[PDB]
Amino acid sequence: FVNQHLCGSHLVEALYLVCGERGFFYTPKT
Amino acid sequence: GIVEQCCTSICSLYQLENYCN
Ligand SMILES: [Zn+2]
């Protein structure tokens with residue numbers, strides 16, 4: 001798997017691909 | 001949360017799966 005900082009929409013597509021049919025939760029509120 | 005962990009620094013594939021449902 002890529003070894004990099006994953007930000008914005010790039011983070012979300014990473015999630016989408018990795019999680020598949022499970023789906024995911026994106027809560028950037030820091 | 002995810003930004004700090006995967007954006008701010010770097011995340012292994014395993015650290016990313018923690019955010020799946
Ligand atoms: Zn970009």
Side-chain angles (χ1 to χ4, degrees), chain A residues 1-29, chain B:
Chain A
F1 207 86
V2 72
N3 195 67
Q4 47 141 349
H5 292 270
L6 292 182
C7 301
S9 62
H10 292 303
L11 179 47
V12 173
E13 221 320 288
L15 287 167
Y16 185 72
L17 176 72
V18 166
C19 306
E21 324 171 48
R22 281 182 261 161
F24 56 96
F25 66 85
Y26 179 71
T27 63
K29 257 285 77 208
Chain B
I2 205 174
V3 172
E4 5 302 313
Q5 269 207 316
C6 308
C7 171
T8 281
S9 53
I10 297 140
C11 264
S12 65
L13 169 59
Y14 297 118
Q15 282 159 125
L16 223 51
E17 313 192 69
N18 275 167
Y19 306 109
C20 310
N21 295 328

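Letters A, B, ... mirror the listed sequences (proteins, then strands); counts begin at 1.
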J.: What are the two closest heavy atoms between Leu16(B) and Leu15(A), and how far apart are they?
T.: O-CD2, 3.7 Å
J.: Which atoms of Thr8(B) come close to chain A, meaning under 4.5 Å heavy atom to heavy atom: side chain ones, backbone ones, both, or neither?
T.: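 It is the backbone, since no side chain atom gets that close.
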J.: Has the side chain of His5(A) got a donor or acceptor atom that lies under 3.5 Å from a matching backbone atom of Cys7(B)?
T.: yes
J.: Is it the backbone or the side chain of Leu6(A) that comes under 4.5 Å from a heavy atom of chain B, or both, or neither?
T.: both
J.: Quick check on the hydrophobic clustering: are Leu13(B) and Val3(B) connected, directly or via other members, by side-chain heavy-atom contacts under 4.5 Å?
T.: yes
J.: Kindly indicate, with the supporting measurements, whether the criterion side-chain contact (heavy atoms from CB on, under 4.5 Å) is fulfilled by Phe24(A) and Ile2(B).
T.: CA-CA 11 Å; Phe24(A) 56 96; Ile2(B) 205 174; over 6 Å; no
J.: Are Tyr26(A) and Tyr19(B) an aromatic pair, judged by ring center distance below 6.0 Å?
T.: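 Ring centroids of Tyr19(B) and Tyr26(A) are no less than 6.0 Å from each other.
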J.: Should we say atom CZ of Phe1(A) is surrounded by more than 12 heavy atoms from elsewhere, each under 6.0 Å from it?
T.: yes
J.: How far does CG of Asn3(A) sit from SG of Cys11(B), to the nearest 0.5 angstrom?
T.: 10.0 Å
J.: For residues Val18(A) and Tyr14(B): do they belong to one hydrophobic cluster (side chain heavy atoms under 4.5 Å, members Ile, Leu, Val, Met, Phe, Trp, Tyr)?
T.: yes
J.: Assess whether atom CZ of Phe25(A) is packed by more than 12 heavy atoms of other residues, nucleotides or ligands within 6.0 Å.
T.: yes
